[PDB]
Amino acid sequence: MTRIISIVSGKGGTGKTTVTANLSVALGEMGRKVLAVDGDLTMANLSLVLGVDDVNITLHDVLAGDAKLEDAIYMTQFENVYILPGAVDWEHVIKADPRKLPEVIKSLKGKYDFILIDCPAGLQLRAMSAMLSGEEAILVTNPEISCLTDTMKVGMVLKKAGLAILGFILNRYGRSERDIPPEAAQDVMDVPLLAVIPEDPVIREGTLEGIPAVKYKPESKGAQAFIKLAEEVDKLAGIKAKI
């Protein structure tokens, strides 16, 4: 039962790409075959944070009808993690039909244990097309009320569209003393808190190095938090196996 999970939020800069990157790597380490998909058509960032530098053909070419989907799937430096990357040049950006995202992504069912979709924030055409490509969703938020509500709003929309909202992640926690604590955040949100990920410079270093915190610095608290989240998310694979 390949789980297609959209990583979404109400605002930008909340950690959608970071979550997609670390969760993909962690699950890959747990023995799961993972495809991380860059659903952010205008700001393709996934390949960079995953340090994938051998990219030519992209998701954008598939969406433009110019390439086969199987020719846009790359092996990454991370165990059991594959990437369906986005192009960064504007010419590819405009020719990519967003509307074809759900059919492209879903035609991959049966080939991975997880397909994680890094989505752009908001509710415009690009964002909806990406988010609606998944069948489950994880809401990423920061500890500020406006972010929480705007995100729960996105969550309701996806809920009405037929997706199972697994829960939310309280990211960037401990960044400010005005940060809403977990419990209060859990009260505001109507879905389970899946994890509290602290504001952690190690996570930022990972982003910059093209190596997610999880594998970059395995003992850090940033990594440990993402590993715990991966353990949790990984519940529809049963075997909890690599053996």
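Note that residue numbering follows the sequence shown and begins at 1.
- Look at the mean CA B-factor for 163 to 171 and for 79 to 87 in the entry; the higher one is 163 to 171.
- Higher mean CA temperature factor, per the PDB entry, when comparing 3 to 11 with 234 to 242: 234 to 242.
- Per the PDB entry, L148 shows the highest C-alpha temperature factor of the residues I105, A137, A127, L148.
- If you compare the C-alpha temperature factors of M189, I211, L27, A44 in the entry, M189 comes out highest.
- Among the modelled residues of the chain, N56 sits in the middle third by CA temperature factor in this PDB entry.
- Sort the chain's modelled residues by C-alpha temperature factor and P98 lands in the lowest third, per the entry.
- Ranked by C-alpha B-factor against the other modelled residues of its chain, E183 falls in the highest third.
- Ranked by C-alpha B-factor against the other modelled residues of its chain, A72 falls in the lowest third.
- Sorting the modelled residues of the chain by their CA temperature factor places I117 in the lowest third.
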